[PDB]
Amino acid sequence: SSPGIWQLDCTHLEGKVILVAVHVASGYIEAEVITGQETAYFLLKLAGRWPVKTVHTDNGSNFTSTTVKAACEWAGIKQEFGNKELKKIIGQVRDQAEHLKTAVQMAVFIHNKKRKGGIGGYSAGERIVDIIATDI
């Protein structure tokens, strides 16, 4: 388990690259449409917001990025080794913005607020706060 474990990825749409982070214990995500310095910033933003102790990615691309290695060193983040749902909502909302950016962040909003349990139970937004909260 843990409060500050996260997973990292890139997904793609419109020829644009959607940087996406998940909280693994909650499923809470934060995305951006964005290279190596955007992601550092991303990570830096994330890290001042949540406890971020460890970030897993699937490829080797991040182990090789100067700005990211320095972001993680400043913020105290270990990098370690080891979407299709998001894209559905962007669909339902894509016409509702001229910008793919705006569409990525409505679906984040929907993903995070809707009920995990579908009807009862918490949403991902509530959980990452509960988990964390439970911790202290």
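In case it trips you up, residue 1 is the first one in the sequence shown, and so on.
Where coordinates are absent for parts of the deposited sequence, a chain break appears; between neighbours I34 and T35 it spans 1 to 3 residues. Unmodelled deposited residues between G82 and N83: 10 or more, per the record. Between the stretches 73 to 81 and 88 to 96, it is 88 to 96 that shows the larger average CA temperature factor.
Here 113 to 121 and 15 to 23 are compared by their mean Cα B-factor, and 113 to 121 comes out higher. Per the deposited record, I136 carries the highest C-alpha B-factor of all listed residues (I136, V129, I5, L8).
Among the modelled residues of the chain, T67 sits in the middle third by CA temperature factor in this PDB entry. Annotation for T54: CA B-factor lies in the lowest third of the chain's modelled residues.
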